[PDB]
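Undergrad:
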Amino acid sequence: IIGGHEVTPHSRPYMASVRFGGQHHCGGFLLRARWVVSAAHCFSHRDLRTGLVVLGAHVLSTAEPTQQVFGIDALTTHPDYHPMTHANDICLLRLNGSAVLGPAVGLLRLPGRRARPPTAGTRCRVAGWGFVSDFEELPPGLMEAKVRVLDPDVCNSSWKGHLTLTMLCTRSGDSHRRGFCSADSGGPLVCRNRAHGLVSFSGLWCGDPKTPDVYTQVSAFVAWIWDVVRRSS
Ligand SMILES: *C[C@@](*)(O)[C@H](CCCNC(=N)N)NC(=O)[C@H](Cc1ccccc1)NC(=O)[C@@H](N)Cc1ccccc1
Ligand SMILES: *[C@@H]1O[C@H](CO[C@@H]2O[C@@H](C)[C@@H](O)[C@@H](O)[C@@H]2O)[C@@H](O)[C@H](O)[C@H]1NC(C)=O
Ligand SMILES: *[C@@H]1O[C@H](CO)[C@@H](O)[C@H](O)[C@H]1NC(C)=O
Ligand SMILES: [Cl-]
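If you use the authors' numbering, the sequence shown corresponds to residues 16 to 36, 38 to 62, 62A to 62C, 63 to 124, 124A, 125 to 145, 147 to 186, 186A to 186B, 187 to 188, 188A, 189 to 202, 207 to 222, 222A, 223 to 246, in order.
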């Protein structure tokens, strides 16, 4: 996260760390006790058996008492996620056990099946354990930045016309760079206590207003998410 601040430990209890070979690689959130939403690009060419999902964390390098660690029983990547395109960057992880919900481990709600994406200017927050600079600096624990939804036409022009209808963008509320960076992927953009976005991609410099942060527009995927969950329940 760029231009953010360390959260109070366990104050975002839906946040998940996806780790490969013991190393944090992506974010995600707890949808149901056995289900985590993350970004499809995080799993490309990855041996799933080397993956773990860590819930209840603040400092990932410490074996904290609130941490609950799970293997991935099943990865379901969006059926329309593909190379040579950036859209549909979303997946579900069915965990090999069920989280015990409590003060440090809880669920984040999706937008409603009939909900629209948030209007430009809407205040949201994005959290993660990704880099805090363009020099691959690690955070001391879970970080969060305050951002605002950016007009999709303005975002699309800044991206030289390459955005699709199921993408949404943000900007900083002020003159500082604020947004996500590498290994924040799959974390939610939370607006009004709903997961309206999922961290997907940005430009050469993290948080650069020339290349606005792009999220998967989660409301477009709600029906599919529930289809997958119901399917294996
Ligand atoms: C994976 C997630 O952690 C990461 C967060 C944003 C990183 N932003 C910057 N370093 N500036 N997302 C990516 O790295 C994203 C991967 C991606 C691939 C395919 C479809 C969607 C998303 N890519 C980027 O943000 C771009 N900076 C470069 C890129 C890398 C790999 C493939 C395609 C583009
Ligand atoms: C995004 O915008 C696209 C067009 O982009 C603009 O026109 C091209 C020719 C270039 O000049 C570029 O720099 C401009 O920004 C549309 O084709 C596309 O449909 C738009 N997508 C959405 C979701 O609105
Ligand atoms: C879940 O998976 C992980 C690693 O794949 C493993 O260490 C753990 O024991 C598994 N849990 C159960 C209940 O099988
Ligand atoms: Cl469940």
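The C-beta atom is built at its ideal place from N, Cα and C for all residues, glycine as well.
#1: Can you list the residues near ligand 4, meaning Cβ strictly closer than 5 Å to any non-hydrogen atom, in the order they appear in the chain?
#2: Run through the DSSP bridge pairs and tell me what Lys159 is partnered with.
#3: State the CB to CB distance for the pair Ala56 and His91, rounded to an integer number of angstroms; the pair is presumed to be in contact (CB under 8 Å).
#4: When you compare only the Cα positions, how much space is there between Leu218 and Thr224?
#5: Which residues in the same chain have their Cβ closer than 6 Å to the Cβ of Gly154, if we skip the five residues on either side of it in sequence?
#6: Is it the case that the CB of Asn169 approaches a heavy atom of ligand 2 more closely than 7 Å?
#7: Please state whether the Cβ-Cβ distance between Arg184 and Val160 is less than 8 Å.
#8: For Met180, list the residues DSSP reports as bridge partners.
#9: With respect to the beta strand (DSSP E) encompassing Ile85, which residues constitute its N-terminal and C-terminal limits?
#10: Let me check understanding here. Comparing Cα to Cα, which of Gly44, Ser245, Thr23 and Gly36 lies closest to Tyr29?
#11: Which residues in the same chain as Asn207 place their Cβ atom closer than 7 Å to its Cβ, once the five residues preceding and following it in sequence are excluded?
#12: Over what stretch of residues does the beta strand (DSSP E) that includes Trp51 continue unbroken?
#13: Along the alpha helix (DSSP H) that carries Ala209, what are the first and last residues, could you check?
#14: Go to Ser170, then tell me how far its alpha helix (DSSP H) extends in each direction, as first and last residue.
#15: By DSSP's criteria, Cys201 is part of a beta bridge. Which residues make up the other side?
#16: Is it the case that the CB of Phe83 approaches a heavy atom of ligand 5 more closely than 7 Å?
#17: For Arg62C, count neighbouring Cβ atoms within 10 angstroms of its own Cβ and tell me buried if that reaches 16, exposed if not.
#18: Per DSSP, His40 is paired with what?
#19: Going by C-alpha distance, which of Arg27, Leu212 and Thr75 is nearest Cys104?
#20: So what does DSSP say about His57, is it helix, strand or coil?
TA: Looking at the coordinates:
#1: Every residue passing the under-5 Å Cβ criterion appears here: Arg48, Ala49 and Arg50.
#2: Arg137
#3: 6 Å
#4: 8 Å
#5: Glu21, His71 and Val72
#6: The answer is yes for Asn169.
#7: yes
#8: Paired residue(s): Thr229.
#9: Its beta strand (DSSP E) spans residues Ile85 to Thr90.
#10: With distances taken between Cα atoms, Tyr29 lies closest to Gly44.
#11: Excluding residues up to 5 positions away in sequence, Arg122 lie with their Cβ nearer than 7 Å to the Cβ of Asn207 in the same chain.
#12: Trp51 to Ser54
#13: Element bounds for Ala209: not the alpha helix (DSSP H) but the beta strand (DSSP E), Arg208 to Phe215.
#14: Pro165 to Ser171
#15: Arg208
#16: The model on display carries ligand 1, ligand 2, ligand 3 and ligand 4 but not ligand 5.
#17: exposed
#18: DSSP output for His40 lists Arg34 as bridge partner(s).
#19: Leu212
#20: helix
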